[PDB]
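Report on one structure; see the data block that follows.
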Amino acid sequence: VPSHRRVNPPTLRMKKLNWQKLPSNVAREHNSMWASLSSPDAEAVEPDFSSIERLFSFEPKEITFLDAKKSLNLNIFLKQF
Amino acid sequence: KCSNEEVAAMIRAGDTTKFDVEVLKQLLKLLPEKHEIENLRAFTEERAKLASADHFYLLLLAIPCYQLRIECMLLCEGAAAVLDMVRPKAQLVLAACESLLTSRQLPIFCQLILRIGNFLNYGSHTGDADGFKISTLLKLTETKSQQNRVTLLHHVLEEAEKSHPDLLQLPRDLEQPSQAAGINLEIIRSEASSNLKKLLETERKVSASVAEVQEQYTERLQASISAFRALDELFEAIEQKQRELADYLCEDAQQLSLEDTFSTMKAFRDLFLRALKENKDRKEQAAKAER
Amino acid sequence: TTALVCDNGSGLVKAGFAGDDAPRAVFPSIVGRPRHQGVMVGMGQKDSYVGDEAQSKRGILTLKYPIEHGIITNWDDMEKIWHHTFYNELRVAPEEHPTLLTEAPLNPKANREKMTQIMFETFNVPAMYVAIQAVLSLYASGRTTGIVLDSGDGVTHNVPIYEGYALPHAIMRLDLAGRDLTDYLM
Amino acid sequence: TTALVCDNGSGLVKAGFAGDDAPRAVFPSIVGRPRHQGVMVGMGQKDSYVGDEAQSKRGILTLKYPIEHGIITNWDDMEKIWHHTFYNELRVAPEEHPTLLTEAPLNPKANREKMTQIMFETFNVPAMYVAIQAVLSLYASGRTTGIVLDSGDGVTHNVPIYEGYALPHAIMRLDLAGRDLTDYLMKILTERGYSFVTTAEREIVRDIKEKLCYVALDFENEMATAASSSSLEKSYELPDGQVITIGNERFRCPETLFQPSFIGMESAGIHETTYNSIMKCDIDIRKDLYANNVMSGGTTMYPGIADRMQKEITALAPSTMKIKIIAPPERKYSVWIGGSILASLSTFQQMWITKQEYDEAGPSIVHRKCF
Ligand SMILES: Nc1ncnc2c1ncn2[C@@H]1O[C@H](COP(=O)(O)OP(=O)(O)O)[C@@H](O)[C@H]1O
Ligand SMILES: Nc1ncnc2c1ncn2[C@@H]1O[C@H](COP(=O)(O)OP(=O)(O)O)[C@@H](O)[C@H]1O
Ligand SMILES: [Mg+2]
Ligand SMILES: [Mg+2]
């Protein structure tokens with residue numbers, strides 16, 4: 001029934017926002033921030049979920065077991081012989 | 001750069017222009033000792049034969065209640081310095097709490113952040129929540145996109161530029177909340193309480209002193225005690241607004257709900273301006289690349 | 001593809017292909033403009049001789065060096081040098097070949113800016129890189145560390161290099177090289 | 001009898017009569033030798049120009065600094081400096097006037113031996129005194145206690161003094177001052193295409209540093225402002241008539257004082273030197289040093305150094321107590337002013353070093369007499 005809880009589900013898997021969840025009874029208190037926002041008369045901005053889905057979703061090859069720097073030094077070392 | 005008689009008469013006259021905190025601290029650290037005072041009082045010869053140091057000490061001994069007068073100089077300049085450093089900061093703290101308790105675009109902004117967080121964490125235990133703590137605004141920059149360039153806060157201020165730009169007027173309400181306190185309020189509160197106790201002791205000593213010291217210094221002592229009582233009333237108002245801010249953000253008052261909220265909110269407003277700046281730089285660099 | 005190395009030195013430009021041990025096109029960096037009066041009709045004679053052509057016919061030419069103390073003075077002359085070494089000596093299209101450039105230490109940065117602008121606009125390349133000459137001199141020796149005293153034609157500079165990392169603050173420069181020795185011998 | 005105060009600093013020798021406010025003879029400490037050939041026979045072509053003559057005719061002179069990193073290296077040049085500052089500048093006999101002198105902290109003892117032997121054998125005086133520069137700077141600040149960051153031309157040393165007791169263990173020294181800033185400014189001007197390689201050009205770059213450079217309050221904001229807009233660019237006229245214009249080099253050059261990794265030194269800035277000097281003191285007296293951060297030396301003449309210094313200490317120190325920076329406008333000559341304060345005192349007659357003390361105890365009584 002609140003406006004913010006009306007969430008369309010994402011098709012792709014979204015990256016998780018990490019926060020500590022407030023309990024719903026505490027946030028709906030009369031002195032709280034969120035009692036004014038659970039009313040439908042407040043201005044609830046619609047997020048663009050398509051953009052969030054777009055941005056926040058999840059020769060032969062010389063195979064070497066070494067990093068590029070040590071291979072570079074070894075090649076510079078070997079070609080002087 | 002003057003004689004012993006002029007600084008002696010300036011100490012007696014109550015003039016504080018050439019007497020700041022450090023000079024009076026040196027003078028109190030170069031107070032005469034008991035045997036020095038007794039030897040100068042038992043000095044019976046010609047006082048021109050003494051040094052200028054001993055002549056200055058005899059001029060200092062000639063001043064009645066001279067140590068109490070020097071204490072009055074030091075406490076007046078110290079009380080003035082303490083009020084000048086503490087009172088605009090305490091006024092900024094009171095204005096910070098007053099504009100934190102009431103805000104216009106901040107419910108719309110935190111409702112939008114709650115909608116986006118409910119979209120991101122849908123199906124989890126944290127999702128379908130009616131709210132969050134004030135520390136989530138620090139944690140807005142933690143969540144960050146595929147390209148590792150745009151954070152969640154940067155994305156929110158990017159979309160808020162085109163949709164609802166009144167959120168860009170959000171730091172205008174938070175400028176008296178901005179810059180926090182700078183220092184801990186309890187330490188300068190203890191300094192103000194110690195200064196008020198010292199000034200009350202000094203007024204009791206002046207009331208025990210002669211009428212010359214009373215007419216010279218009692219009105220300054222009364223003005224300083226009145227200003228420090230107004231400062232203590234301001235501290236009590238800050239305590240009341242601290243309890244109001246603790247009940248406003250749904251946190252218990254036993255934890256630090258005064259300075260931590262100022263630091264969290266100051267860092268969040270700096271991240272707001274920094275995210276605005278980086279999104280403007282991203283838009284300008286994209287425009288330059290397009291050109 | 002096969003990369004190019006073009007050491008654009010202060011007195012001689014040494015260009016050639018990567019993977020090779022001998023530079024294919026070694027030619028001096030001069031621009032020879034005629035100064036006397038031509039009397040032949042038939043054209044043929046250019047208004048600017050570049051490279052070995054200016055060396056061969058040098059008795060009727062004013063020779064201008066575009067690079068002075070590791071700093072490109074006349075950019076049009078150095079563009080002509082680059083055009084000659086790309087199109088006449090080595091004869092390669094610049095937009096299909098990687099090309100490695102060299103630069104002296106402690107240079108003015110706008111010289112590097114203008115070389116980057118010419119190599120990405122005029123002779124636009126698929127890729128390029130600008131690197132310190134003493135580092136490449138140490139890489140020729142087969143060793144990773146050491147000090148290189150590179151004394152070219154405009155700049156004599158000392159660079160110490162530890163583990164492939166050239167130490168920036170200890171690099172020094174001296175504007176005394178082969179052109180000044182030539183002037184003193186003159 | 002009027003005494004003489006003569007700070008023989010690394011940068012400029014500042015001398016004058018005691019009991020006064022300003023030094024009469026301020027001149028740089030250089031010895032200039034001609035490197036070319038003389039052809040014009042006559043007119044007093046003297047082989048070694050000293051001081052202002054070496055400054056004026058500097059285009060044909062190799063200039064040598066006798067004091068390098070606060071240490072008198074060349075001694076004959078320093079004798080020529082003393083001869084010029086006594087005979088030509090002040091024009092006074094040394095044998096009828098006391099002469100106060102100054103010295104750097106943690107100095108070698110044989111340096112003090114040699115200065116005492118020159119001040120009693122060559123330039124004979126009735127009396128003389130050697131004092132620490134930070135102590136005289138604190139005296140000219142009018143306070144007995146405080147911490148002094150003295151940054152000259154070679155040495156930036158931190159000295160805390162509590163109630164006249166200069167704490168020896170807490171004194172430290174960082175070899176980064178004005179000549180290093182001048183050499184770095186020579187290095188970074190070559191990015192703009194201006195070459196300054198000679199010692200004559202060092203005075204021109206030093207004048208650029210004196211006239212145009214300033215300490216940034218925030219370095220990264222000044223990078224952003226300099227890269228964004230060319231509003232902070234400033235033009236300077238060379239002695240040959242050419243005009244250069246410098247941008248970020250006005251504040252990249254003093255930033256070596258806060259970031260010595262620019263010239264490649266592992267030690268941190270002067271703020272960390274001040275703070276690590278403060279933890280070497282007793283915890284009772286640290287509160288007084290926080291409110292009494294005195295500066296001296298001309299490397300502190302940049303007009304943004306106080307607020308940046310207070311910001312750096314307030315970032316470093318705990319914010320529970322008060323931080324204050326003592327930066328008087330005449331802190332360039334505060335070494336000389338403190339010497340003039342100390343010379344004309346009635347008590348200071350009994351701490352003079354006489355010739356009889358010299359004859360009895362060698363040139364070595366300065367160790368047991370002074371701190
Ligand atoms: N065999 C040689 N003997 C002496 N000097 C030479 C010789 N070969 C070249 N040089 C000097 O070196 C200069 C070329 O040096 P070079 O390695 O091309 O420097 P850069 O690459 O910086 O131009 C020439 O001007 C010449 O004076
Ligand atoms: N107005 C100024 N602005 C910036 N730097 C200055 C200024 N005046 C002097 N300096 C620098 O500070 C030094 C001043 O010398 P000083 O500290 O009096 O003695 P010394 O450095 O020789 O011990 C000079 O070397 C000069 O480079
Ligand atoms: Mg070369
Ligand atoms: Mg000095």
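Letters A, B, ... go to the chains of the structure tokens in the order shown; residues in each chain start at 1; ligands are counted from 1 in the same order.
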Extract, using only C-alpha atoms, all DNA, RNA and protein residues at most 9 Å from range 1-13 of chain A, discarding same-chain residues fewer than 4 positions from it, and format them as a PDB file with C-alpha atoms, in the first residue's frame.
```
ATOM      1  CA  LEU A  37       6.509  10.124   3.121  1.00  0.00           C
ATOM      2  CA  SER A  38       4.152   7.141   3.527  1.00  0.00           C
ATOM      3  CA  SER A  39       1.246   9.487   2.719  1.00  0.00           C
ATOM      4  CA  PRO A  40       0.315   9.692  -0.991  1.00  0.00           C
ATOM      5  CA  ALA A  44       7.577  10.690  -4.537  1.00  0.00           C
ATOM      6  CA  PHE A  49      14.602   1.760 -13.529  1.00  0.00           C
ATOM      7  CA  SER A  50      15.677   1.232 -17.162  1.00  0.00           C
ATOM      8  CA  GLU A  53      19.130  -1.812 -15.172  1.00  0.00           C
ATOM      9  CA  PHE A  56      23.985  -1.194 -12.265  1.00  0.00           C
ATOM     10  CA  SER A  57      23.353  -4.755 -13.489  1.00  0.00           C
ATOM     11  CA  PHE A  58      25.804  -7.626 -13.290  1.00  0.00           C
TER      12      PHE A  58
ATOM     13  CA  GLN B 111      12.199   9.075  -0.112  1.00  0.00           C
ATOM     14  CA  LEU B 112      13.839   8.848  -3.559  1.00  0.00           C
ATOM     15  CA  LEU B 114      14.546   4.702  -0.265  1.00  0.00           C
ATOM     16  CA  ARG B 115      12.774   3.968  -3.587  1.00  0.00           C
ATOM     17  CA  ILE B 116      16.108   3.296  -5.331  1.00  0.00           C
ATOM     18  CA  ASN B 118      14.095  -0.837  -2.427  1.00  0.00           C
ATOM     19  CA  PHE B 119      14.605  -1.365  -6.166  1.00  0.00           C
ATOM     20  CA  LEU B 120      18.228  -2.506  -5.745  1.00  0.00           C
ATOM     21  CA  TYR B 122      14.340  -6.272  -3.846  1.00  0.00           C
ATOM     22  CA  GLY B 123      13.798  -9.809  -2.587  1.00  0.00           C
ATOM     23  CA  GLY B 127      14.190  -4.542   0.968  1.00  0.00           C
ATOM     24  CA  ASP B 128      10.559  -3.425   1.392  1.00  0.00           C
ATOM     25  CA  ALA B 129      11.694  -1.174   4.252  1.00  0.00           C
ATOM     26  CA  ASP B 130      10.024   2.049   5.364  1.00  0.00           C
TER      27      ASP B 130
END
```
(request) Select all residues from chain B having any atom no more than 10 Å from an atom of chain D (counting only C-alpha atoms, ignoring ligands), output as a PyMOL selection string. (result) chain B and resi 22-23+25-26+29-30+51-52+85+182-188
(request) Identify every residue of chain A that has at least one atom within 7 Å of any atom of chain B, counting only C-alpha atoms, and report the result as a PyMOL selection string. (result) chain A and resi 4-5+7+14-17+19-22+24+27+31-34+37+43-45+47+55-56
(request) Select the residues contacting ligand 4 at a distance of at most 6 Å, based on only C-alpha atoms and all ligand atoms, then format the selection as a PyMOL selection string. (result) chain D and resi 9-11+152+297
(request) Would you list, as a PyMOL selection string, the residues of range 38-77 of chain A that end up in alpha helix (DSSP H) under DSSP run on this structure's backbone? (result) chain A and resi 38+49-55+68-77
Go ahead and save the residues from that selection, with N, CA and C atoms, as a tab-separated table (two decimals), in the first residue's frame.
```
chain	number	residue	atom	x	y	z
A	38	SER	N	5.07	8.24	3.79
A	38	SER	CA	4.15	7.14	3.53
A	38	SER	C	2.80	7.62	3.01
A	49	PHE	N	14.10	3.11	-13.76
A	49	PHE	CA	14.60	1.76	-13.53
A	49	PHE	C	15.30	1.17	-14.75
A	50	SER	N	14.99	1.68	-15.95
A	50	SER	CA	15.68	1.23	-17.16
A	50	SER	C	17.15	1.64	-17.16
A	51	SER	N	17.44	2.86	-16.69
A	51	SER	CA	18.82	3.33	-16.61
A	51	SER	C	19.60	2.60	-15.52
A	52	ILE	N	18.94	2.27	-14.41
A	52	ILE	CA	19.57	1.51	-13.33
A	52	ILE	C	19.84	0.07	-13.79
A	53	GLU	N	18.91	-0.50	-14.57
A	53	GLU	CA	19.13	-1.81	-15.17
A	53	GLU	C	20.25	-1.77	-16.21
A	54	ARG	N	20.38	-0.65	-16.93
A	54	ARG	CA	21.44	-0.50	-17.92
A	54	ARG	C	22.81	-0.35	-17.27
A	55	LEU	N	22.90	0.36	-16.14
A	55	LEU	CA	24.19	0.72	-15.58
A	55	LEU	C	24.59	-0.11	-14.36
A	68	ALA	N	53.87	-9.63	-16.67
A	68	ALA	CA	54.45	-9.01	-17.86
A	68	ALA	C	55.82	-8.41	-17.58
A	69	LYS	N	56.06	-7.95	-16.35
A	69	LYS	CA	57.31	-7.28	-16.01
A	69	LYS	C	58.49	-8.25	-15.99
A	70	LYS	N	58.32	-9.40	-15.35
A	70	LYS	CA	59.39	-10.39	-15.27
A	70	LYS	C	59.66	-11.03	-16.62
A	71	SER	N	58.60	-11.23	-17.42
A	71	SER	CA	58.76	-11.71	-18.79
A	71	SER	C	59.48	-10.68	-19.67
A	72	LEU	N	59.18	-9.39	-19.45
A	72	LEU	CA	59.85	-8.31	-20.16
A	72	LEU	C	61.34	-8.25	-19.83
A	73	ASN	N	61.67	-8.38	-18.54
A	73	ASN	CA	63.07	-8.39	-18.10
A	73	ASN	C	63.81	-9.62	-18.59
A	74	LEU	N	63.13	-10.78	-18.62
A	74	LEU	CA	63.77	-12.00	-19.10
A	74	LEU	C	64.00	-11.94	-20.61
A	75	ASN	N	63.07	-11.34	-21.36
A	75	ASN	CA	63.26	-11.20	-22.81
A	75	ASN	C	64.37	-10.22	-23.14
A	76	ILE	N	64.46	-9.11	-22.40
A	76	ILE	CA	65.57	-8.17	-22.55
A	76	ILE	C	66.89	-8.82	-22.14
A	77	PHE	N	66.85	-9.68	-21.12
A	77	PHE	CA	68.03	-10.42	-20.69
A	77	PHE	C	68.46	-11.47	-21.72
```
(request) Compile the contact shell of range 225-237 of chain B as JSON, numbers by chain: residues with an atom at most 9 Å away, counting only C-alpha atoms, same-chain residues fewer than 3 positions apart removed. (result) {"B": [79, 83, 86, 87, 90, 91, 94, 185, 189, 192, 193, 195, 196, 199, 200, 220, 221, 222, 240, 241, 242]}
(request) May I have all residues of range 83-194 of chain D that DSSP, computed from the backbone, assigns to strand (DSSP E or B), given as a list in words? (result)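 Put together, the selection reads residues 99, 100, 101, 102, 103, 128, 129, 130, 131, 132, 146, 147, 148, 149, 150, 151, 156, 157, 158, 159, 160, 161, 162, 165, 166, 172, 173 and 174 of chain D.
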Residue subset to file, keeping C-alpha atoms, as a PDB file, in the first residue's frame:
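Dumped everything to selection.pdb:
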```pdb
ATOM      1  CA  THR D  99      79.601  42.204  18.772  1.00  0.00           C
ATOM      2  CA  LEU D 100      76.675  39.842  19.203  1.00  0.00           C
ATOM      3  CA  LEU D 101      76.578  36.856  16.866  1.00  0.00           C
ATOM      4  CA  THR D 102      74.092  34.091  16.100  1.00  0.00           C
ATOM      5  CA  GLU D 103      74.328  30.353  15.453  1.00  0.00           C
ATOM      6  CA  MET D 128      81.131  39.029  22.120  1.00  0.00           C
ATOM      7  CA  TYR D 129      78.356  36.480  22.452  1.00  0.00           C
ATOM      8  CA  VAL D 130      77.036  33.509  20.501  1.00  0.00           C
ATOM      9  CA  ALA D 131      73.338  32.735  20.787  1.00  0.00           C
ATOM     10  CA  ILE D 132      70.861  30.386  19.181  1.00  0.00           C
ATOM     11  CA  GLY D 146      57.274  28.909  22.899  1.00  0.00           C
ATOM     12  CA  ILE D 147      58.302  26.785  19.916  1.00  0.00           C
ATOM     13  CA  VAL D 148      60.262  28.432  17.113  1.00  0.00           C
ATOM     14  CA  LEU D 149      60.320  27.122  13.561  1.00  0.00           C
ATOM     15  CA  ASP D 150      63.265  28.997  12.091  1.00  0.00           C
ATOM     16  CA  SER D 151      63.594  28.462   8.336  1.00  0.00           C
ATOM     17  CA  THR D 156      64.632  24.657   8.820  1.00  0.00           C
ATOM     18  CA  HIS D 157      65.012  23.773  12.499  1.00  0.00           C
ATOM     19  CA  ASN D 158      62.374  23.348  15.192  1.00  0.00           C
ATOM     20  CA  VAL D 159      63.323  24.429  18.736  1.00  0.00           C
ATOM     21  CA  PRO D 160      60.912  24.431  21.697  1.00  0.00           C
ATOM     22  CA  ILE D 161      61.902  26.556  24.696  1.00  0.00           C
ATOM     23  CA  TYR D 162      60.033  26.444  28.005  1.00  0.00           C
ATOM     24  CA  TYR D 165      65.122  26.392  29.031  1.00  0.00           C
ATOM     25  CA  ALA D 166      65.793  25.370  25.430  1.00  0.00           C
ATOM     26  CA  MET D 172      65.322  18.794  15.237  1.00  0.00           C
ATOM     27  CA  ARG D 173      66.650  19.966  11.915  1.00  0.00           C
ATOM     28  CA  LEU D 174      65.383  19.553   8.355  1.00  0.00           C
TER      29      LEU D 174
END
```
(request) Fewer than 5 positions away in the same chain doesn't count, so skip those; otherwise give me all residues within 9 Å of residue 1 in chain C, counting only C-alpha atoms, as number ranges by chain. (result) C: 96-98
Keeping only C-alpha atoms, write those residues as a compact mmCIF listing (two decimals), in the first residue's frame.
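The resulting file, part_17.txt, is reproduced below:
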```txt
# COMPACT_ATOMS: atom_id res chain seq x y z
CA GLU C 96 48.89 1.48 -40.51
CA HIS C 97 52.08 1.18 -38.45
CA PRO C 98 52.89 1.67 -34.75
```
(request) Return as an NGL selection string the residues of protein, DNA or RNA that approach ligand 3 to within 12 Å, with only C-alpha atoms and all ligand atoms taken into account. (result) :C and (6-14 or 28-29 or 67 or 69-70 or 101-105 or 132-134 or 136-137 or 148-157 or 177-178)
(request) Report as a ChimeraX atom specification which protein, DNA and RNA residues come within 7 Å of ligand 2, using only C-alpha atoms and all ligand atoms. (result) /D:9-13,151-154,178-179,206,209-211,213,297-302,332-333
(request) Provide the CA of residue 118 in chain D to CA of residue 25 in chain D distance in Å, to one decimal place. (result)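 Interatomic distance here is 20.8 Å.
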